[PDB]
Amino acid sequence: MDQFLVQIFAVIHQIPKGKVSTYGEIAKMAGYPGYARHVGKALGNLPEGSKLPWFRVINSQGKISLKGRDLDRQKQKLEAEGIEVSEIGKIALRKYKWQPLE
């Protein structure tokens, strides 16, 4: 398994149920600056129901990076987490941001 993927995934496992973080924050904690979009590839490359919670990481714009079926794919998973996701794939970061202070 790719070291990069192991690092970013390891970080993502610290995200609790009903929290979302940005690819930049995950990449930073993994030690790979600029690999934000790359973290996005990894999660989109995973199956819809993997052991790793992939749906808990979105873009800095507070929106789902996946589109079409994959948009509602992440959405339905987040609805099982209790997150208010707007129809076009929009999430309120300022309330749903992953804060490991709880």
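Up top is the structure these notes are about.
Rules used in this analysis
- Residues numbered from 1 in each chain as written, not as in the entry; some residues may be left out.
- Heavy atoms only, no water.
- Salt bridge = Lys/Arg side-chain N within 4 Å of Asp/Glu carboxyl O.
- Helix = DSSP H or I, 4+ residues; strand = E, 2+ residues; numbered from the N terminus.
- Buried < 20%, exposed > 50% of the residue type's maximum accessible area, 1.4 Å probe, protein only.
- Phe/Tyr/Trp six-rings, centres within 6.5 Å; stacked < 30°, edge-to-face > 60°.
- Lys NZ or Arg CZ within 6 Å of the ring centre and 35° of its normal.
- Axes fitted to C-alpha atoms, helices over the stretch in contact; angles between N-to-C directions.
- Parallel < 35°, antiparallel > 145°, perpendicular 65-115°, else oblique.
- Contact = heavy atoms within 4.5 Å.
- Nonpolar A, V, L, I, M, F, W, Y, C, P; charged D, E, K, R; others polar.
- Arc of directions from axis to C-beta.

Visitor: Looking at this model, I keep getting lost on the pattern of salt bridges. Mind explaining?
Guide: As a working rule, side chains carrying opposite charge can pair if their charged atoms are close by. Per the counting criterion, the structure on display carries eight salt bridges. Measuring nitrogen to oxygen at the nearest pair gives 2.7 Å for the salt bridge that ties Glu 81 to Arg 56. In this pair, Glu 81 sits in the loop between α4 (69-79) and α5 (93-96) while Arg 56 sits in the loop between α3 (36-45) and β2 (57-58), placing the two residues 25 residues apart along the sequence. Classification of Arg 56 as buried rests on a relative accessible area of 11%. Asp 70 is the salt-bridge partner of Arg 73, the closest N and O atoms lying 2.8 Å from each other. With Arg 73 and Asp 70 both in helix α4 and three residues apart, this pair spans about one turn of that helix. Residue classification places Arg 73 among the buried residues on the basis of a relative accessible area of 9%. Salt bridges linked by common partners bring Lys 17, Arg 56 and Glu 81 together as one network.

Visitor: What exactly am I supposed to notice about the packing of aromatic side chains here?
Guide: Aromatic rings considered in pairs are described by the distance between their centres and by the relative angle of their planes. Counted by the stated rule, this structure contains four aromatic pairs. Centre to centre, the rings of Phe 4 and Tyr 32 are 5.0 Å apart; their planes meet at 85°, and the pair counts as edge-to-face. Placement of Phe 4 in helix α1 (residues 3-12) and of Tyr 32 in the loop between α2 (23-30) and α3 is noted, with a sequence separation of 28 residues between them. Ring geometry for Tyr 32 versus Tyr 35: centroids 5.5 Å apart, planes at 65°, classification edge-to-face. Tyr 35 sits in the partly exposed class, given a relative accessible area of 37%. Three or more aromatic residues joined by ring pairs make a cluster, and in this case those are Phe 4, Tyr 32 and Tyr 35. If you follow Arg 73 out to its NZ or CZ, it ends over the ring of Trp 54, 4.3 Å from the centre.

Visitor: Help me out: how do you make sense of the packing of α2 against α3 in this one?
Guide: Relative placement of two packed helices is described by the angle separating their axes and the distance separating the axes. The contact between α2 and α3 brings their axes to 8 Å, and the two run at 100°. One element, α2, and the other, α3, form an angle in the roughly perpendicular class. Where α2 approaches α3, its residues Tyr 23, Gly 24, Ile 26 and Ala 27 are matched on the opposing element by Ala 36, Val 39, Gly 40 and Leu 43. Looking at side-chain class alone, the contact of α2 with α3 contains six nonpolar, two polar and no charged residues.

Visitor: Help me out: how do you make sense of α3 in this one?
Guide: The α-helix winds at 3.6 residues per turn, so residues separated by three or four positions along the chain end up facing the same way. Taken together, the buried positions of α3 are occupied by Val 39, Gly 40, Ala 42 and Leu 43. One side of α3 carries all its buried residues, which in axial view fall inside an arc of 160°. Structural note: α3 exposes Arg 37, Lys 41 and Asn 45 on the side pointing more than 90 degrees away from its buried face. In this structure, the buried side of α3 is in contact with α1, α2, β2 and α4.

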